[PDB]
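Novice: To start, I am sharing the structure in question, which I have written as structure tokens.
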Amino acid sequence: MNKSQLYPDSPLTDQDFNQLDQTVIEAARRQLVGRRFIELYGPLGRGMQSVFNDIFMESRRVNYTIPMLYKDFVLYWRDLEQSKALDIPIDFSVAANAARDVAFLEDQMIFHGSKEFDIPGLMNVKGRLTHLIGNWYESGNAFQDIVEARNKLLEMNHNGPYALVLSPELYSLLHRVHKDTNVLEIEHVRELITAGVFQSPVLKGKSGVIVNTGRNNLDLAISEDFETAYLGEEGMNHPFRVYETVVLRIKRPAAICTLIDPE
Amino acid sequence: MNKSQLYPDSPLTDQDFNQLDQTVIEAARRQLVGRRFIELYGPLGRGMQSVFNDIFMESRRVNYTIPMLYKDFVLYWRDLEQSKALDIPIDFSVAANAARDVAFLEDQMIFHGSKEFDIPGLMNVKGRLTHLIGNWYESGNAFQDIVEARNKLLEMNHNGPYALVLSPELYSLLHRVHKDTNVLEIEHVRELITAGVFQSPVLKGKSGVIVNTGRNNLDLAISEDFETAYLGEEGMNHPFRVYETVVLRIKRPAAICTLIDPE
Amino acid sequence: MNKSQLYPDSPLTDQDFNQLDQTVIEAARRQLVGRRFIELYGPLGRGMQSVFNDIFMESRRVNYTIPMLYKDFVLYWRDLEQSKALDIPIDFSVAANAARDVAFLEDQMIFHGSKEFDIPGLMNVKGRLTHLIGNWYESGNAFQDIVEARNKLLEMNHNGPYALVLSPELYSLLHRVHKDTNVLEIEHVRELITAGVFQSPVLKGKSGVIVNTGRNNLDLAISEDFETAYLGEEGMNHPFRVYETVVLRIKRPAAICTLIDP
Amino acid sequence: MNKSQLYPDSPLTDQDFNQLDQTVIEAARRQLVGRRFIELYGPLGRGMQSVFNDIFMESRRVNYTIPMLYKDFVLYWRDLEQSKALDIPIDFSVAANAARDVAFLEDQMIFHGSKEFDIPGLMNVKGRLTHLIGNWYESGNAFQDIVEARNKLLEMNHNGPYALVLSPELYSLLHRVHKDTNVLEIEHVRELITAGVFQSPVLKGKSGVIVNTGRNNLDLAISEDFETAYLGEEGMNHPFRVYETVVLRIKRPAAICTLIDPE
């Protein structure tokens, strides 16, 4: 399936359109936090507009509608025509920005869920464990809270490997320089969490989540990965659409222990 | 030996059945702690239902019956039929869970032995050294206990390399952040134990074990590795069986110094 | 394409499966009432485990999971061997009982919905029109209450053809003679409702429904019709299963008028 | 385009001229700080003497004239003639010095802009965030100032990855050895800034800048990379010119949070 012949009126050729995909894929890759520890359920394809989920509580089956996440960018015709005249590889700076916004949309949908499509997220799924953090500003408390949260996961027949995602404010507190001591608390934490410790701008305030990275616990249902579309001429310009269809499936919500600030 | 023709009625083809083995093998690999420091005695094959062991005490020979460790999972026919209709690579999420449970079964059999089959484990073999740990919550005690346990192994003509396996509670105490100091006690410990320091959920409470990793000291007798079986149609579904036949052989029990909490 | 190769371990030959299929299908046809006035959207195939419904209320898209309705019957090996030895056709009576039960399940799901998957029925869908009927024992009331119900559908921009399904008690009451015309009320109703007046045991008491026939109004989305699948042989006996996967989509809820006893 | 036939009177042959480019390219590479975290807008070529910039403020378009940055060096004819007589690969020590000066010129133009050509730099662009640092000589203040500067970038929909460039005086203070503690403050800082922490001699006094490394935020418009030219015989010698044409484009100035000493 060549995308040049799919959009016969597209101003981009085969070479020009592949670089657009590379710009979109790379820009999204740098910002996707959920994909770093959640496996993909393959390219389900255009023939699947809804995927099934088997929730196990420690086996209810539910239907999830795969949602669209998209953002549009416009490539000016004057800039495009100049590029072909001079034979230069075209500027896709806006495409990277559009791909980043879609990548942020996926992370927001992964961690907080689709309210309108009724899809639970990591931080609000039903049946997950909950741990109340202490004052992470103090030494040892952050590691102690992770251990207690990990202990809650352990008493569920969930031996790991775990992945911990924290808000930027909690992430900074983990790496902060203490006064009395000189302990890098991420070094102690990263030994217990082997799948990786990440920060996500989606999480707000003081919040975090520990997830078992097994494919059996949760995965990402992908009907169409990050793809670039042509919307046709509009005002002589060339608006495009970076879209993706993905729904998070949480088969075993008990493998999630969200850390929440007691306020 | 192609597994598609071995089960002529199996719904999975050659390609579909290989991905099942990959899912089972990888999921087991992530959870097998004993295999990380215990060598395998090859594929003994189906012709050996019992393996001999020569115990040396510092040469009694005993017969060990190779036990079966298995767990069953069911692939729904509706999900399978949909996968072939859409030509998608089939979901083996349950297979990973079944393989993980078998992997946990092997680790429980390796460390605690088969009570019914009369096979000693690492933590209850006859003739091994025993060390009583102190308060690992204090700085330096955990390293001191390992040194004393290692010294006991040294005064047996057992120069290493050693492997230390600890319970999750002891593993956390090793990596904990101390108040007065900022010592990462795993860094001091990991220098003496070169074959690796692992944690196993099988060990409960405050317990651990130091094992010489030599093939002459102990090994794993494998008659059949992690293999996936088809049990035939049952209620129009497709139940499978992830089974493995393995017995731990401890040729020199004196190469084991189990750490036990004095309670 | 014969079921003998589909189930090599089955004890039935090509002809025996064929006789099994007619036994199941014929018993289903004699009991299926909803299929008489509702078009069939399919067979979609095994690749459709859930269908999409676009509700045009008088637009909202709802995802419906296709339910699987089944019933199990067992053929005894001694009976099959005895019939085979004596050159007597196999007795598939239990198959008809299983097929009849599944046919009732489909009719029950069509009319009263399926609470397990939250699929609405003819008498349960939101947005339908409700008509409070009177005492049909008295003359003239039976025909008039249908006229007002049809007028309700006419006011909602639905001009037929209509299909009327009544409870078995109410269907008999429609056989009375008209007070003035001296003609049975059923022929007056049949001229107003040209898609047929049916009866169904699923409706109890004074109940009924008027449905505007048409694919754009409502249809049956099936992925597999009445099919007999041979389960594994257990205990030397042969258990079977008559199953089907059907879901009812009501695209225009306002095209359904329900007669409700006050 | 062979450079030997481009300058028919050049004393260097094809082999002799390629080593000149390698000396210039490598010497420039060791000193270019801006190129370590700013992407290039390809070889725009000689047909583009001015490049367009679309400034987004959180979309004004401006025209930037691509400037020339060059430095001249002289290869003595006596040294050149001796090299060919003995068949030795010629000394290009001066060429490395000339390339280094041009590389310093680019970094000065990237961080402080072209005053005469009216091109804003990283440290004086219009619409960028500004943070006032504290006493970096004290422990924790340097990390705290980076976090606050990063927090300012975060409240602009700028999630990273960030690149921090500091003056040599600030760079030394970051790596300094404290009295009361033994904290290496670069280790804490380098976790938040993933694209890298660099020092630039261009920045004077106590100054720094945090830049989002996205191609959409800023990039380097290159009309001609580091190229070596022959200026013809002058006094029987061979003067050359190491020139490059490059202009920095800041599409989103809000992605820049310059750290400035309150004096």
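To be explicit about the labels: the chains of the structure tokens are called A, B, and onward in the order shown, and within each one the residues are counted from 1, while ligands get numbers from 1 in the order they are shown.
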Define the interface residues of chain A facing chain D as those within 7 Å, counting only C-alpha atoms, and report them as a PyMOL selection string.
Specialist: chain A and resi 88+93-94+96-97+175-177+182+201
Novice: Keeping only N, CA and C atoms, write those residues as a PDB file, in the first residue's frame.
Specialist:
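And here is the file that came out, again-v2.pdb:
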```pdb
ATOM      1  N   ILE A  88      14.899  20.391  -2.137  1.00  0.00           N
ATOM      2  CA  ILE A  88      15.311  20.262  -0.741  1.00  0.00           C
ATOM      3  C   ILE A  88      14.262  19.417  -0.023  1.00  0.00           C
ATOM      4  N   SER A  93       8.519  20.568  10.435  1.00  0.00           N
ATOM      5  CA  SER A  93       8.575  20.969  11.837  1.00  0.00           C
ATOM      6  C   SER A  93       7.196  20.925  12.482  1.00  0.00           C
ATOM      7  N   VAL A  94       6.168  21.376  11.761  1.00  0.00           N
ATOM      8  CA  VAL A  94       4.813  21.352  12.303  1.00  0.00           C
ATOM      9  C   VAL A  94       4.336  19.918  12.490  1.00  0.00           C
ATOM     10  N   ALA A  96       6.062  17.370  13.442  1.00  0.00           N
ATOM     11  CA  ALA A  96       6.573  16.902  14.725  1.00  0.00           C
ATOM     12  C   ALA A  96       5.730  17.430  15.877  1.00  0.00           C
ATOM     13  N   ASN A  97       5.300  18.691  15.793  1.00  0.00           N
ATOM     14  CA  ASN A  97       4.450  19.252  16.837  1.00  0.00           C
ATOM     15  C   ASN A  97       3.099  18.551  16.886  1.00  0.00           C
ATOM     16  N   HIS A 175      14.609  12.772  42.701  1.00  0.00           N
ATOM     17  CA  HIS A 175      15.979  13.087  42.322  1.00  0.00           C
ATOM     18  C   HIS A 175      16.550  14.285  43.069  1.00  0.00           C
ATOM     19  N   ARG A 176      15.818  14.847  44.027  1.00  0.00           N
ATOM     20  CA  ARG A 176      16.274  16.057  44.692  1.00  0.00           C
ATOM     21  C   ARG A 176      17.500  15.775  45.555  1.00  0.00           C
ATOM     22  N   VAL A 177      18.237  16.840  45.855  1.00  0.00           N
ATOM     23  CA  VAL A 177      19.441  16.764  46.673  1.00  0.00           C
ATOM     24  C   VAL A 177      19.061  17.122  48.102  1.00  0.00           C
ATOM     25  N   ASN A 182      23.332  12.760  51.300  1.00  0.00           N
ATOM     26  CA  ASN A 182      23.622  12.903  49.877  1.00  0.00           C
ATOM     27  C   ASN A 182      23.147  11.670  49.123  1.00  0.00           C
ATOM     28  N   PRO A 201       4.149  13.981  31.997  1.00  0.00           N
ATOM     29  CA  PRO A 201       3.474  15.257  32.277  1.00  0.00           C
ATOM     30  C   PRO A 201       1.972  15.121  32.436  1.00  0.00           C
TER      31      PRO A 201
END
```
Novice: Can you tell me, as a ChimeraX atom specification, which residues in stretch 48-88 of chain C count as strand (DSSP E or B) by DSSP?
Specialist: /C:50-55,60-65,68-75
Novice: Could you tell me how far atom CA of residue B:224 sits from atom CA of residue B:2, in Å to one decimal place?
Specialist: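 The value is 16.0 Å.
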Novice: Could you pull the residues within 9 Å of residue D:119, counting only C-alpha atoms, minus those fewer than 2 positions along the same chain, as a ChimeraX atom specification?
Specialist: /D:64-65,109,112-117,121,125,247-249
Novice: Please identify all polymer residues within 9 Å of residue D:195, counting only C-alpha atoms, omitting same-chain residues fewer than 4 positions from it, and present them as a VMD selection string.
Specialist: chain D and resid 36 to 37 160 to 164 190 212 to 213
Novice: For atom CA of residue A:146 and atom CA of residue A:35, determine how far apart the two atoms are, in Å to one decimal place.
Specialist: 21.9 Å
Novice: Please return, as a ChimeraX atom specification, all residues of stretch 138-238 of chain A that DSSP assigns to alpha helix (DSSP H) on the basis of the backbone.
Specialist: /A:141-154,168-175,185-192
Novice: Given the selection you just returned, output its residues as a file containing C-alpha atoms, formatted as a tab-separated table (two decimals), in the first residue's frame.
Specialist:
```
chain	number	residue	atom	x	y	z
A	141	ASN	CA	10.04	8.36	52.66
A	142	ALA	CA	9.91	8.06	48.87
A	143	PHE	CA	11.68	4.70	48.91
A	144	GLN	CA	9.57	3.56	51.86
A	145	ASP	CA	6.34	4.42	50.04
A	146	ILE	CA	7.48	2.51	46.95
A	147	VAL	CA	8.34	-0.54	49.07
A	148	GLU	CA	4.94	-0.45	50.78
A	149	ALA	CA	3.23	0.00	47.41
A	150	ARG	CA	5.33	-2.85	46.01
A	151	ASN	CA	4.45	-4.97	49.05
A	152	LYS	CA	0.77	-4.43	48.27
A	153	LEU	CA	1.44	-5.68	44.73
A	154	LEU	CA	3.38	-8.65	46.11
A	168	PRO	CA	6.98	15.66	37.23
A	169	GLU	CA	6.66	17.07	40.75
A	170	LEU	CA	7.13	13.64	42.33
A	171	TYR	CA	9.90	12.82	39.84
A	172	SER	CA	11.84	15.93	40.88
A	173	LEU	CA	11.41	15.07	44.57
A	174	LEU	CA	12.84	11.61	43.91
A	175	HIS	CA	15.98	13.09	42.32
A	185	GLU	CA	16.84	8.08	45.96
A	186	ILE	CA	16.32	7.03	42.33
A	187	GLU	CA	19.28	4.65	42.68
A	188	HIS	CA	17.61	2.79	45.55
A	189	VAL	CA	14.23	2.84	43.80
A	190	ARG	CA	15.47	1.71	40.38
A	191	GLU	CA	16.72	-1.59	41.83
A	192	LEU	CA	13.23	-2.73	42.84
```
Novice: Return the neighbours of chain B among the residues of chain C, cut-off 12 Å, counting only C-alpha atoms, as a ChimeraX atom specification.
Specialist: /C:5-9,44-50,66-68,70-72,223-224,228-234,239-243,245
